[PDB]
């Protein structure tokens, strides 16, 4: 097996989880220790369904930028015995573009799903469903409902979380290492 496949599959095994909130099915990224991230609009509550069980959420932080603008990410601290394999080193210090990225999705409906989204480019400002949002990036692929939280990956890097799409193109909230410090 080659390297990109090995990395993506290992993400699925160790870091990318099927979840369900009152808002539906999402892909969750576990980053390190008991810390994971979801799209804000998933609206995680006091508990969350993760894979085969109900998991209590100890803390939720909805990230905003310096001007108070939505970043569309919620950091959740889980009440679990597992420490996620720490993937912070794979997350760039700054929001970074990529060539020929793969969107990795893991939901009950879309389990272990790999989607070649192509190049990922800087986008910045996006108004999504009436919520102005910052630090987004864009790919020319027609992403669909059910794919939010999907992990944007390229060449051993983990660069965004899928948050929306307009039927022709898809958008992620960009990841930076400091979010998870």
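Positions refer to the first chain, counted from 1.
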Is the mean CA B factor in the deposited entry higher across 13-21 or across 162-170? 162-170
Mean C-alpha B factor from the entry: is it higher for 57-65 or for 124-132? 124-132
Name the one of 93, 86, 72, 108 with the greatest CA B-factor according to the PDB entry. 93
Comparing recorded Cα B-factors across 47, 147, 42, 154, which one is largest? 154
Of the three thirds of Cα B-factor ranks in this chain, residue 30 occupies the lowest
Please place residue 98 in the lowest, middle or highest third of its chain by C-alpha B factor as given in the entry. highest
